[PDB]
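J.: Pasting in a structure now, in C-alpha cells, and then I'll have a few things to ask.
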Amino acid sequence: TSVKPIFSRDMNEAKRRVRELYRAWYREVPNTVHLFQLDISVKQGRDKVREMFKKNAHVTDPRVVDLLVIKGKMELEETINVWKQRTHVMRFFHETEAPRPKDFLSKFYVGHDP
Amino acid sequence: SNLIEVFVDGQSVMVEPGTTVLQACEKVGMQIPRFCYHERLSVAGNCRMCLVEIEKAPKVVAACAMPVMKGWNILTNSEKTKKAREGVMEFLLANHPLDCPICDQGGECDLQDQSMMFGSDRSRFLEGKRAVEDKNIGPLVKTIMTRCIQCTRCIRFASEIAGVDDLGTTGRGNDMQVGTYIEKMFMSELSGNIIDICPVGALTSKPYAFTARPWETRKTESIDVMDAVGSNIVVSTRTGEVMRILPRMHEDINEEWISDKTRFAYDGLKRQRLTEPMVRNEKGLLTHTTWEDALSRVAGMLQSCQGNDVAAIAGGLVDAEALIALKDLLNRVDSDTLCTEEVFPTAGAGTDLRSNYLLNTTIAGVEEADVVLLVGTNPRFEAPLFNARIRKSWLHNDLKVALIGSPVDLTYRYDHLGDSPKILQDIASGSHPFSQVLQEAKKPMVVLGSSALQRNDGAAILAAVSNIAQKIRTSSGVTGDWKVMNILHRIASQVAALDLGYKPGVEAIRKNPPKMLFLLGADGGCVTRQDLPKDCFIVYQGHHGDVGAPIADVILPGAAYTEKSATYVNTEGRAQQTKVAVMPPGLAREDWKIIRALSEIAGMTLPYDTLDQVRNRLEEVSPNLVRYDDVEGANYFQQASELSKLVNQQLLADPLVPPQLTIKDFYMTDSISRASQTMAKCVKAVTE
Amino acid sequence: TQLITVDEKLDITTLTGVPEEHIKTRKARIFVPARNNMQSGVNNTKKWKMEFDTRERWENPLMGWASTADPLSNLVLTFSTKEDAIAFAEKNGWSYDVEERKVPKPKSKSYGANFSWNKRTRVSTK
Amino acid sequence: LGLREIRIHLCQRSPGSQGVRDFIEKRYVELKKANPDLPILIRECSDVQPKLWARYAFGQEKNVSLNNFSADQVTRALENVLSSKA
Amino acid sequence: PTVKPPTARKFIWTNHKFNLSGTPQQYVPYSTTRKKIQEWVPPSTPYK
Amino acid sequence: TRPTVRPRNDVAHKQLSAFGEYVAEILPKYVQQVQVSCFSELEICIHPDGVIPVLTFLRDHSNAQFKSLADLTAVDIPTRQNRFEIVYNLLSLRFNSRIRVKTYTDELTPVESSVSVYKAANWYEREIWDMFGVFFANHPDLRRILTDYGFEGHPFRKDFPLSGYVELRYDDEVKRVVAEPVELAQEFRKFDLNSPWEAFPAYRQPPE
Amino acid sequence: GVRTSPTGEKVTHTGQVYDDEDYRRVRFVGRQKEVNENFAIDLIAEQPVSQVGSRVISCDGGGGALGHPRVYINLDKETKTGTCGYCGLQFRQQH
Ligand code: SF4
Ligand code: SF4
Ligand code: FES
Ligand SMILES: [K+]
Ligand SMILES: [Zn+2]
C-alpha cells in the first residue's frame, strides 16, 4: 500500500492543483473563444469546463487526480499556444451526433444495446 | 500410499502403479505425440508415434501402452526418440494423398501439426502412392478413405462407446481398408462424434463440408438445450453466422461427446425463423407490423383482464430469465395459471421439494453405482449421453441394468422385466427376485423417465417408485450420503420452470379456460382453438414458427439459444449460462426484454432493466439458479414419501411404451430439428 | 521517506481514455479456453484468456461484409493465472464473469484389460 | 387479497440454518397437509443465509429473515406469515 | 505475336475492351451469395 | 550443423558474462538480475529508483564508456502488476559493444528521467508518455509527439483496441472535420493461428 | 447458358439474383450488371471421360508444375467414374 508520490503528498495538495487548473481554464476560456473565432458564447465554454471537472470528480486516489491535473495542463498548453485547430476545440461540443436514446423502451425499439 | 518414483528427463515424479509412460510425461508436463491413443478409448498402440527411449535400454518403448517401473528415466527428447518420430512421420506421409487444399481438416489437422513440429521437411518417396476407393455410411459423414491412416479409432469407438459393432478393418497389409464390407448405413445416436476423433481428414462433417475453415472462425462457449443433459458446446461462427458446433470438455456431463441432434440442429436453426412482429389484419392474415403497434395492442388487450383470465405456456427452449419475467408480468395481473408443456404430478410433495423431480445423485453417480433400474423410459433417445455414461459403467464398473417397459434397444444387455406397471407393485412387496437383487446391492439407483409421467396415471407410478426407493434406502445397506430416487428429464426448460414455481402440465388451463393465452415457443400443441373460448388473444413469443404461430393473433419474434444469454438448468439441477454467438436476425429481440418492454408499455413496469438485475431477481426467487456449474444436493426424500402415501391412485395395465422407439423418431423432437434439412435427410435415410 | 500511503482501490477508468458506455455496460469473461476436439494438443489451454461479449455484426449494403460497431470485438488478453486477470478486470472497472479451469481426470489405462478372461472389457476387434 | 406462495431459502451445512432444517425435519409434513393449494417451495443451497419470501396478491412480496432461529421461532414466523393474509 | 502467337483457348475474349469507367457499361460491385436466413411465410388460410 | 544453423560465439559470451559480473558487483544497490542471451547480448535488470545512478556509471566509467543511447523502449505486459517494462539500449564505441538496461513501472508510479544523462531521451521517453502513459519526473518539455492533439487514451497499451474509438469525417452541416464513433464497413477478421502443440522443449515452464 | 429471372437481371453461376422487390437493383439502373458468360459447370460437362488401363491413375491437370498437385484416383468401382478433386476431370476403366 506504500506508493511513491509524484507531486501531491495528500488530497489537500491535489485539490489545490485542481483549483489552480480550474482557475487557469476559467481565465483562458474567453481568449480561446475570441482567438479561434468560435461561434459559441463564453458561458457555454465555461460551463463545459465545469461539466468536465464535475465529470472527473469521483476519484479519491491522489496519483490519479494528480495525473488528471497534469493532462489538463497539457490541454491548457496546447490551447494557450495555437497548436490546435477549430475542430480540435470544437470536438468537446458534439454537434453532429444525434441524441442517443436513454429509456428502455426507445433502446428496445432501436437495437440490442443492453 | 503405493506411489512409485520414476524420472522424466532427470526430474523425479511419483505415480500410481499402472501409470503409463505417456501419463507420467503428461504429469511432468510434456504432451507425448500420438495418433492412435485416446484417453477415453481402449489402448491400441498401432501408430508408433509415442515411441520414446528409456535410458540404459537398447529399444524404444511405446509410451501409450507400456507401464512404468521404479527408477525409469524417460529420455523424452534424445536423439533416437527424434529419429523414431521422424521415421514414423516419413512412413505415415509416404502414402498420404496431396489433398490439403481440398481437405476440411486443413488448419485443424493432427497430421500437419505433428509433421511440422516433429517430422522432417522433405520426402524421399519417389514411387506411386496407394488409392483407396471411397465408401458411404450415411448423410452425416462424408467418407474419403484415401486419407485414412488406419489409426483404428473408428472400430474402438463403434465397439466400446457407441456399441454398434459394424465398423472394421478388411484386408491384410497395405490393402487394408477401414470400412464395413457392405453397403451398410452406420447410423447411431452418437455417430457424428467419430468426426471429432479422426486425426486426419478421412471423415468429414457432411453438412459442414467445404463451407468454412478453422482459422477464420470465432469460438463461443455455450450450453446445449436440445435435451435435458445440458451438454457444454463450443459454437464456431464466421462473420456473424453460426458455422459449426463442437463438444467441450466436462468430465461430469458430456466428457468430450455430443449427440447428433446437437451437432446438426444449426442448419435448421438458420431456417424458418421469425424476423418481424406479425399481427392480424382485417381479414385475419398475419401481416408485418412494427414493435410499438403490436406491444400497444397486447398491452391494451392485457389491461382489460384481471384474475384467472390470462395464462402462460412455456416451450422446451425457454430460459429461466424469461420465465421469471413472464411470471412477474402475470403476477401483476394476479394470475397463477402458469403452465408447462410436459406433465409432472403435483400430488403429494409435487414441485415444492427439490428432491423428487431431479436426477438426485449426479450424472456421474452411475460410476459409483452397481444396480440401475430404469422404469418406462428409452434413455438412448431421451438422454443419449446419460445412456453413454450407463454403458461406460456397464463396461468398466460391471454394472447391473434392468428395464421395466417396452423391449427397446439400449446398445447393451439388460434385464427385461416386462412392460406392465404392476411389476413395480411386485418389487415393493418382495414378490420378485429383483427385490432381493436390489436388497443385496450396496449403492443402487432407480431412474424414472419423464415420458412415463406424461400418461394419465403418472402420480401412481411416481408413488410406487418412491416407495421402492425409500424401501431400499432404509432396509438395505445405504449409508446416507447415497441417493436412490432419480428422475430423468427430456426438456431443458422443465427443470428451470419447476424450480421457479410453475404449475406443471396444461391441466390448469383445461380446468378453467382463459380469454388470453401466452405461448413461449409452445409448439407442442398442448392446447388448441377447440379447448379455448371463441375470442381468445393468443400471443406467441418464439423464434421458429412451427405449430403455435399460425394460430396466434400477435406474433412476437424472439432469440434462439445461440442468440441470447440464457440460464438453463439440466436434469441434475446444475445451472449453466449460454453466451451470445450471433445477434438475432431482423427485428427479433431477447424474450425477457420483450416481456419487460410489454410491462413498461402496460403501466405494470418490472423493477429490472439489464441482465444482472434479472439475475438478482432470480437469486431472490431461487438462489440455486445463479450458482453456475455447481450442483446442490436436495435432501428430504422421507417427507415426500410420507406426503405421497395419502392419495392412493390406481394404476393402468397398459404397457409402458416410450414415445421414441427407433432412430426415425429421434431426429424430429423439437422446433429447431423439425425445420431442418439435415434432419429430414437423416429421417429419409433411416426410413428407406 | 519519499513515500505516501494510499488505501483505496485502484480505479484507472479516468486515465485509460475509454468512453463511459464501454465501461459499465460491457461484461468481460475470464476463462481457460477449451481444447479443439478435432485436435489432440493441449498447449492452447495453458494461459487464461480475458475476452468480451459479441455485439451486432450486420451485412454491408454493398456486398454484405461483416459491418460492426463494437471497437472491443477483437480484444483478447492473455494472463498467466487467474488472480492477475481478476486484478486487471477490477482495475479498469470491468464487471467480469470468471470460469474455473477444468483439469481432466487422470485415467487408469491398462492394455491388458482388452484381453481379460472374466470381464466385459474384452475387445471385439483389434 | 391473499397469500399465493411461500418460499424458504436455507443452507445444507451452516449451523445458522440448523433450526430451520429441524422445521423441515419435524413440522413440514402436516403443514403440507394443512394447506392443499399453497406452494411452499423449499430451496437448499451451500452458503445462503436463511430467508422466508411470501408472495401476496398482485405481486406484493414480503421478506422475513430466518437466521439463527429455533424450531418454535420459525414456526411462529410461518404462522404469522400465514395469518397475515394481506 | 505475329511470329509467336498465343495458345488458343475457348474462353479467351475475341475482342479487347478499353477502360469503361464513366460509360453505361462500367462495372458495379454486388454480392454473389443468396439469402442467408429464410423467413417464415405466414399461411394464407383463415385462422378460424 | 554447418550450413543452415547460425554459428555460436563463446568468447563474446564469456566476456559479456564477465562484464555483467563486473557491473553487478560494482552496483549492488539497484542491480537485480544479469543475463546473457544465446546470441551474445547482455541484459541488466535493475530497480526503477536506480535508473539514474546506474546509467551515468555506464556513461562515465573508463571500463564501460557506453556513450551512445541507441533506443529507448517501453513494453506492455499486462500479466505483471508493473505492466510497463522500460528498456534502455546503450552503445559503447571505445569498446565496440552494446548493453541493455531494463526496469519496470506501473501506470501511477513515476520514473526518473534520463535527460540529465542522454539528451536524446529528451524526445524518446516523451514519445513513451504519448504511447503508454508512463510519467517521467523532471522532464523539461513533456507533451504528446505522435498522436492527435485531442486524442484521449494511450494507444500502445494492449488493452487499447486496434481500431480507435473515434473516426474523422468532413461535415458540410458544420463545415468542419468532426469525430464520430467508430463504425467499420468490414470487421477486422481475428485469426486463430496458434498451433496447439508444444513449441519448444527447452522453453518449457514448470507446471502448477 | 445464362438464365433470365423475370425481373430482367441475368443470373450468375453462383445462383445469385436480386428479387423484384429488392431496392438494391437501383444500383444497376443507368449501368450494367457484369456477369461471366462462361459457366464453369457447363464448360466442364462436355469434357470426355478417359479410359485408362490400370486400376489407379495419376492426375496433375496437365503442364506438370503449372497445374494442381498430383492426386491418385482409384477406379475400383464399376458404377461411378473417378473424378479429380481439383481439375474436375473424370477417368474410368474400360472393363
Ligand atoms: S488429413 Fe491432414 S495431412 Fe491429410 S490431406 Fe487433410 S489436412 Fe492434409
Ligand atoms: S477414418 Fe480416421 S478415425 Fe477412422 S481409423 Fe481412419 S484415421 Fe482413424
Ligand atoms: S500412441 Fe502409442 S503407438 Fe500410437
Ligand atoms: K475428422
Ligand atoms: Zn486433376
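J.: Could you please find all residues in segment F:32-54 being over 19 Å from residue F:114 (Cβ atoms) and among the acidic types (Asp, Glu)?
T.: Within segment F:32-54, F:41 is the sole residue that qualifies.
J.: Let me ask something additional. So, in segment B:192-219, of the ones that are more than 15 Å from residue B:246 (Cβ to Cβ), more than 10 Å from every other protein chain (Cβ to nearest Cβ) and within 13 Å of ligand 2 (Cβ to nearest atom), which residue ends up surrounded by the most Cβ atoms within 10 Å (Cβ to Cβ)?
T.: So the residue we want is B:202.
J.: Considering only residues of segment D:18-72 that are within 12 Å of another protein chain (Cβ to nearest Cβ) and aromatic (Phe, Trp, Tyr), which is farthest from residue B:647 (Cα to Cα)?
T.: Restricting to residues being within 12 Å of another protein chain (Cβ to nearest Cβ) and aromatic (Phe, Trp, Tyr), the top hit is D:58.
J.: What helices (runs of 4 or more DSSP H) lie completely within chain A and have 2 or more residues being free of Cβ contacts under 8 Å to residues at least 60 places away in the same chain and more than 14 Å from chain F (Cβ to nearest Cβ)? Break it down stepwise before answering.
T.: Working: elements: A:11-35, A:42-55, A:62-80, A:86-90, A:104-110.
Result: A:11-35, A:42-55, A:104-110.
J.: For the subset of segment B:199-217 comprising residues that are on the phi < 0 side of the Ramachandran plot and hydrophobic (A, V, I, L, M, F, W, C), which member is farthest from ligand 1 (Cβ to nearest atom)?
T.: First, the residues of segment B:199-217 that are on the phi < 0 side of the Ramachandran plot: B:199-209, B:211-217.
Next, from what is left, pick out any that are hydrophobic (A, V, I, L, M, F, W, C): B:200, B:202-203, B:209, B:212, B:215.
Numbers: B:200: 4, B:202: 7, B:203: 10, B:209: 12, B:212: 14, B:215: 13 Å.
That would be B:212.
J.: Do we have residue C:70 as in contact with a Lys or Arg (Cβ under 7 Å, 6 or more places away or on another chain), crowded, with 19+ Cβ neighbours inside 10 Å and among the charged types (D, E, K, R) here?
T.: On the way: in contact with a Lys or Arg (Cβ under 7 Å, 6 or more places away or on another chain): yes; crowded, with 19+ Cβ neighbours inside 10 Å: yes; among the charged types (D, E, K, R): yes.
Yes.
J.: Can you tell me which of B:183, B:221 is in a loop (DSSP other than H, G, I, E, B), more than 16 Å from ligand 4 (Cβ to nearest atom) and among the charged types (D, E, K, R)?
T.: Values: B:221 fails: in a loop (DSSP other than H, G, I, E, B).
Every option except B:183 fails the conditions.
J.: Separate question: Would you mention how many residues in segment B:526-555 are touching a residue at least 40 places away in the same chain (Cβ under 8 Å) and among the polar types (S, T, N, Q)?
T.: 1
J.: Please find, among B:142, B:135, B:129, the residue that is assigned to a loop (DSSP other than H, G, I, E, B), within 13 Å of ligand 2 (Cβ to nearest atom), surrounded by 15 or more Cβ atoms within 10 Å (Cβ to Cβ) and within 13 Å of chain G (Cβ to nearest Cβ).
T.: Details: B:142 fails: assigned to a loop (DSSP other than H, G, I, E, B); B:129 fails: within 13 Å of ligand 2 (Cβ to nearest atom).
Answer to the check: B:135.
J.: For segment B:303-315, which residues satisfy the criterion of being in contact (Cβ under 8 Å) with a residue 60 or more places away in the chain and either closer than 25 Å to residue B:498 by Cα or assigned to a strand (DSSP E or B) (or both)? Step through it out loud before you land on a result.
T.: Initial filter on segment B:303-315 (in contact (Cβ under 8 Å) with a residue 60 or more places away in the chain): B:303, B:305, B:308-315.
Selection gives B:308, B:309, B:310, B:311, B:312, B:313, B:314, B:315.
The rows are residues; the columns are (1) within 16 Å of ligand 3 (Cβ to nearest atom); (2) within 11 Å of another protein chain (Cβ to nearest Cβ); (3) in contact with a strand residue (DSSP E or B) (Cβ under 7 Å, 6 or more places away or on another chain); (4) farther than 29 Å from residue E:29 by Cα.
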{"site": "G:4", "(1), (2), (3), (4)": "no, no, yes, no"}
{"site": "G:19", "(1), (2), (3), (4)": "no, yes, no, no"}
{"site": "G:27", "(1), (2), (3), (4)": "no, yes, no, no"}
{"site": "G:38", "(1), (2), (3), (4)": "no, yes, no, no"}
{"site": "G:58", "(1), (2), (3), (4)": "no, yes, yes, yes"}
{"site": "G:65", "(1), (2), (3), (4)": "no, no, no, yes"}
{"site": "G:82", "(1), (2), (3), (4)": "no, yes, yes, yes"}
{"site": "G:90", "(1), (2), (3), (4)": "no, no, yes, yes"}
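J.: As an exercise: evaluate residue B:250 against (1) in contact with a strand residue (DSSP E or B) (Cβ under 6 Å, 6 or more places away or on another chain); (2) under 30 Å from residue C:58 (Cα atoms); (3) more than 16 Å from ligand 2 (Cβ to nearest atom) and give the number of the one condition it does not meet.
T.: (2)
J.: Let me ask something additional. Just a yes or no: is a residue in segment B:47-66 surrounded by fewer than 20 Cβ atoms within 10 Å (Cβ to Cβ), of a type outside the set (A, V, I, L, M) and within 11 Å of ligand 3 (Cβ to nearest atom)?
T.: There is at least one residue in segment B:47-66 that is surrounded by fewer than 20 Cβ atoms within 10 Å (Cβ to Cβ), of a type outside the set (A, V, I, L, M) and within 11 Å of ligand 3 (Cβ to nearest atom).
Here's the yes/no breakdown for (1) touching a residue at least 40 places away in the same chain (Cβ under 8 Å); (2) among the aromatic types (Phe, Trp, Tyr); (3) over 29 Å from residue E:27 (Cβ atoms); (4) within 16 Å of ligand 2 (Cβ to nearest atom):
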position	(1), (2), (3), (4)
G:22	no, no, no, no
G:41	no, no, no, no
G:52	yes, no, yes, no
G:70	no, no, yes, no
G:80	no, no, yes, no
G:93	yes, no, yes, no
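J.: Out of B:259, B:222, report the one residue that is away from ligand 1 (no atom under 16 Å from the Cβ), within 12 Å of chain C (Cβ to nearest Cβ), in contact (Cβ under 8 Å) with a residue 12 or more places away in the chain and at negative phi. Outline the logic, then answer.
T.: Numbers: B:259 fails: within 12 Å of chain C (Cβ to nearest Cβ).
After ruling out the rest, the residue left standing is B:222.
J.: Same structure again: Suppose we filter B:77, B:95 for residues that are more than 14 Å from chain G (Cβ to nearest Cβ), touching a residue at least 60 places away in the same chain (Cβ under 8 Å) and more than 8 Å from ligand 1 (Cβ to nearest atom); which single one remains? It would help to see each step written out before you state the result.
T.: Values: B:95 fails: more than 14 Å from chain G (Cβ to nearest Cβ).
Selected residue: B:77, the only one of B:77, B:95 that is more than 14 Å from chain G (Cβ to nearest Cβ), touching a residue at least 60 places away in the same chain (Cβ under 8 Å) and more than 8 Å from ligand 1 (Cβ to nearest atom).
J.: From the set of residues in segment B:145-183 that are within 9 Å of another protein chain (Cβ to nearest Cβ) and touching an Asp or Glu at 6+ places or on another chain (Cβ under 8 Å), which is nearest to ligand 1 (Cβ to nearest atom)?
T.: Initially, segment B:145-183 is screened for residues within 9 Å of another protein chain (Cβ to nearest Cβ), giving B:146, B:152, B:155-156, B:159-160, B:165, B:167-169.
Remaining after also requiring touching an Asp or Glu at 6+ places or on another chain (Cβ under 8 Å): B:146, B:159.
Values: B:146: 9, B:159: 24 Å.
Among those that are within 9 Å of another protein chain (Cβ to nearest Cβ) and touching an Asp or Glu at 6+ places or on another chain (Cβ under 8 Å), it is B:146.
J.: Among B:116, B:89, B:69, which is surrounded by fewer than 18 Cβ atoms within 10 Å (Cβ to Cβ), more than 30 Å from residue B:264 (Cβ to Cβ) and without any contact (Cβ under 8 Å) to a residue 60 or more places away in the chain?
T.: Answer to the check: B:116.
J.: Kindly indicate which of F:51, F:75, F:87 is part of a helix (DSSP H, G or I), surrounded by 14 or more Cβ atoms within 10 Å (Cβ to Cβ) and within 15 Å of the chain's Cα centre (by Cα).
T.: On the way: F:75 fails: part of a helix (DSSP H, G or I); F:87 fails: part of a helix (DSSP H, G or I).
Exactly one of F:51, F:75, F:87 is part of a helix (DSSP H, G or I), surrounded by 14 or more Cβ atoms within 10 Å (Cβ to Cβ) and within 15 Å of the chain's Cα centre (by Cα), namely F:51.
None of the figures in this text is laboratory data; all of them are computed from the coordinates on show. Backbone-built Cβ (ideal geometry, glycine too); neighbour counts: all protein chains shown.
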